[PDB]
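Q: Provided herewith is a single structure, encoded as structure tokens, for subsequent inquiry.
Chains as they are written, first to last, in UniProt numbering: chain V, 39 to 70; chain P, 196 to 292; chain S, 86 to 350; chain L, 1 to 270, 320 to 341; chain F, 17 to 51; chain Z, 546 to 613.
Pasting the structure below:
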């Protein structure tokens with residue numbers, strides 16, 4: 039189950055990066 | 196050293212500070228250098244910020260106890276101090292540097 | 086077996102070198118072959134425990150002789166190597182090894198050599214290895230540190246006088262290496278401090294014996310001699326150049342202020 | 001003791017190879033403690049490995065790797081570990097050995113991933129020593145009966161040979177196959193390499209003692225191969241295994257595109322085959338669904 | 017008798033540290049955005 | 546409005562093969578064609594979890610002149 043956990047962690051990291059980029063964009067437009 | 200837990204590192208650093216300290220009263224500080232270097236490497240490879248900072252401070256203190264300023268200069272030149280380190284360890288690192 | 090043969094072999098080198106006119110080539114070959122013998126007999130032991138002290142002592146004496154012989158033919162790398170080994174045999178195994186009589190002299194030689202190569206940062210680090218007592222007490226250590234103080238503070242006359250009162254004859258060679266710098270340093274002051282100096286006036290300043298020795302050094306320095314025996318050093322006209330406004334740098338700094346005020350969000 | 005390696009380093013620039021070899025054999029005993037000062041003589045300790053005529057050049061590499069392993073420059077560390085060769089015994093339990101093994105595995109994975117999508121003409125040949133140590137690491141999991149970890153590394157390294165060998169050699173072939181299929185469907189995203197994994201999975205499935213044709217049909221739906229599914233169905237009809245073929249037809253209509261089923265119909269045409326065309330057309334499937 | 021189990025653990029913990037850091041940073045950014 | 550769904554359906558489940566279309570539709574001045582680009586991102590990445598498409602969808606969601 040080690041590989042499944044490692045791949046899930048990788049996907050979670052990439053999803054977190056996507057979420058942070060979207061949050062920054064939303065702040066940029068929410069100011070406007 | 197046998198264990199590989201994550202929170203133990205937060206305890207582990209303190210152990211090292213006392214592990215050297217007992218030898219400070221033994222006035223050897225030389226047998227401890229190999230152990231300090233090995234644990235510094237094992238903490239750096241593990242991204243253990245607190246343990247790495249404590250071990251770096253202990254190694255610097257050991258080097259300065261014997262006026263080995265060249266060795267400490269090299270060690271601070273190549274090693275990278277953890278940015279997210281304790282203030283009480285940042286003070287020692289800044290003093291030694 | 087090997088230890089006794091190595092001791093006799095070192096005795097051969099000691100007898101050859103202690104002669105008033107040692108043979109540099111023979112001593113060099115002898116030292117080169119002695120190193121090969123030493124490799125087998127735990128040369129530079131790692132974490133030296135209570136092993137045979139005879140090997141440590143023998144290696145220390147051989148390295149001392151080799152270091153003192155490296156300056157005899159006036160070469161840098163051999164002295165560097167022999168001093169690098171001698172420091173390890175001086176400070177590391179000093180618990181079992183006795184205090185070498187020639188240790189302080191050779192350490193002062195190393196410090197003076199570091200001064201000769203302008204590696205003052207290494208000079209202070211190596212000086213800190215000595216105890217704080219013999220720095221101000223032992224003559225072999227007192228002379229190089231005092232020379233460093235004179236060089237840093239600008240007492241160049243004392244720097245030249247340091248040749249006369251050297252602690253040992255071995256200190257001679259490195260002294261000359263320093264002296265060539267001092268002259269080129271002294272003139273560096275003369276150009277920027279003295280606006281105009283007499284030709285003979287620099288004789289004591291530049292520490293030149295022959296007036297002819299002024300001419301070649303001057304044309305090397307490109308000093309415009311004047312008709313009145315005055316060297317005109319008019320070169321301060323190359324000021325910090327406040328005539329030019331560093332508008333690019335100032336604009337960059339102000340733009341960085343604007344960034345730190347606006348880019349935060 | 002030996003608080004300084006300045007003398008040992010000074011034993012590097014001599015003209016006698018014995019002096020350099022002994023200095024190398026003295027440094028590796030203190031590379032774990034005095035790597036900081038040897039970091040500035042890395043050039044002089046690597047020039048020995050550069051020279052071909054040096055006896056301990058491989059050793060000159062190994063010690064250099066150790067210094068880099070202590071310096072954090074893992075790329076040069078693994079390069080010099082490769083240069084050392086047989087002296088880098090992977091069976092050792094030292095931290096340096098396993099750290100360099102991890103860095104080597106990561107570098108090999110990156111190179112293999114880059115080469116997988118690269119054209120065959122531009123495929124950069126991987127260093128032979130890197131492949132050798134990676135294969136030794138694969139054999140390590142094979143001997144330790146850690147089949148799942150080897151499967152994961154094989155998937156990451158895009159090496160289907162080790163993937164198939166680990167699947168077959170494992171004691172639980174069906175369980176490992178199910179785990180591999182779940183990993184290939186849930187984690188893999190390269191599609192084309194996912195298709196390659198499905199191809200080798202189908203190869204393994206066809207060679208089983210009792211072929212689980214259902215998983216083969218599912219992987220072939222994923223692969224979009226009407227010819228293979230039609231061939232499997234027709235040999236199932238010829239083999240008299242009509243029940244499994246009926247189940248295959250129902251699964252085919254349930255979870256496959258209409259164009260795929262139309263191509264399967266064309267392949268099937270080229320009694321029982323009429324029933325197969327009937328099920329694949331689907332009309333009875335909606336018959337039971339509507340009746341229910 | 018473990019193979020790359022230590023390698024897997026090292027990779028997992030290396031990703032876990034970054035995941036925790038990014039999760040905390042994302043929570044802070046989400047608080048700012050929500051405000 | 547009909548063609549917006551239609552163009553998306555033409556490229557259903559095509560993974561990155563629709564990218565050349567998507568960047569064309571997402572950059573169009575017509576709001577309905579941008580909506581078609583969103584639908585095409587949905588159809589060409591059905592259940593793939595492709596975080597590139599998710600990133601594009603979120604960027605359009607938080608920054609677009611048209612509410613539709």
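Using N, Cα and C, we set each Cβ at its ideal position, and we do this for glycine too.
Can you list the beta strand (DSSP E) stretches of 3 or more residues lying completely in the region 228-306 of chain S, in chain order?
A: 281-283
Q: Going by DSSP in three states, residue 179/L sits in which element: helix, strand or coil?
A: helix
Q: Which residue marks the beginning of the alpha helix (DSSP H) containing residue 290/P, and which one marks its end?
A: 282-291
Q: Would DSSP call residue 310/S helix, strand or coil?
A: strand
Q: Across which residues does DSSP place residue 315/S in a beta bridge pair?
A: As DSSP reads the structure, residue 315/S sits in a beta bridge with 283/S.
Q: By the three-class DSSP mapping on this structure, what secondary structure does residue 591/Z have?
A: coil
Q: Where do the ends of the alpha helix (DSSP H) carrying residue 204/P lie?
A: 203-221
Q: Using only the alpha-carbon positions, how far apart do residue 601/Z and residue 94/L sit?
A: 46 Å
Q: Taking all protein chains shown into account, decide if residue 87/S is buried (16 or more other Cβ within 10 angstroms of its Cβ) or exposed.
A: exposed
Q: Please look up how many angstroms separate the CB atoms of residue 36/L and residue 270/P, rounded, as I've assumed it's under 8 Å.
A: 5 Å
Q: If you measure between the beta carbons of residue 212/S and residue 224/S, is that distance less than 8 Å?
A: Contact: no.
Q: Report the three-state DSSP secondary structure of residue 139/S (helix, strand or coil).
A: helix
Q: Within 10 angstroms of the Cβ of residue 341/L, are there 16 or more other Cβ atoms? Answer buried if so, exposed if not.
A: exposed
Q: Taking any Cβ of chain P, which residues in the region 198-227 of chain S have a Cβ under 7 Å from it, in chain order?
A: 210, 213 and 214
Q: Quick one: which chain P residues come within Cβ less than 7 Å of residue 70/L?
A: 236
Q: If you compare alpha carbons, which of 69/L, 184/L, 225/L and 209/L is closest to residue 173/L?
A: 209/L
Q: Is there at least one Cβ from chain F nearer than 8 Å to residue 217/L's Cβ?
A: no
Q: So what's residue 107/L in DSSP terms, helix, strand or just coil?
A: Looking at residue 107/L - three-state DSSP - the assignment turns out to be helix.
Q: Cα-Cα, which of 169/S, 131/S and 291/S is closest to residue 12/L?
A: 169/S
Q: Using only the alpha-carbon positions, how far apart do residue 202/P and residue 252/L sit?
A: 52 Å
Q: Counting C-beta neighbours from all protein chains within 10 Å, is the total for residue 325/S 16 or more, i.e. buried, or is it exposed?
A: exposed
Q: Using a cut-off of 7 Å between C-beta atoms, extract the partners of residue 272/P located in chain S.
A: Result: empty, since nearest Cβ-Cβ is about 13 Å, beyond 7 Å.
Q: Quick one: what's got a C-beta closer than 8 Å to residue 100/L's C-beta in the same chain, skipping five residues either side?
A: 65, 69, 74, 77, 78, 81 and 88
Q: To the nearest angstrom, how far is the alpha carbon of residue 194/S from that of residue 256/S?
A: 6 Å
Q: Given residue 136/L, which residues of its chain have a CB within under 8 Å of its CB, disregarding the five upstream and five downstream residues?
A: Same-chain partners within the cutoff: 90.
Q: Measuring CB to CB, does residue 283/S end up less than 8 Å from residue 314/S?
A: yes
Q: In whole angstroms, give me the CA-to-CA distance for residue 130/L and residue 62/L.
A: 15 Å
Q: So, for residue 111/L: in the same chain, excluding its five sequence neighbours on each side, which residues have a beta-carbon less than 6 Å away from its beta-carbon?
A: 126
Q: Taking residue 242/P as the query, report the chain F residues whose CB atoms sit under 9 Å from its CB, ordered along the chain.
A: 29, 30 and 33
Q: Leaving out five residues on either side along the sequence, give the residues of the same chain with a beta carbon under 8 Å from the beta carbon of residue 179/L.
A: Apart from the 5 residues on each side of it in sequence, residue 179/L sits with its Cβ closer than 8 Å to the Cβ of 148 and 151 in its chain, given in chain order.
Q: Mind pulling the chain L residues with CB within less than 9 Å of residue 40/V?
A: 146, 148, 149 and 152
Q: What are the boundary residues of the alpha helix (DSSP H) that residue 22/L is part of?
A: 17-27
Q: Ignoring anything shorter than 4 residues, give me the alpha helix (DSSP H) runs that lie fully in the region 161-216 of chain L, in order along the chain.
A: 173-186 and 192-206
Q: Check whether the Cβ atoms of residue 109/S and residue 147/S lie closer than 8 Å to each other.
A: In this structure, residue 109/S lies away from residue 147/S, with their beta-carbon atoms at least 8 Å apart.
Q: Could you say which of 185/L, 233/L and 60/L lies nearest to residue 26/L if we only look at CA atoms?
A: Here the closest residue by C-alpha is 60/L.
Q: By the 7 Å beta-carbon criterion, what residues does the region 50-69 of chain V contribute toward chain Z?
A: 52, 53, 56, 59, 60, 63, 64 and 67
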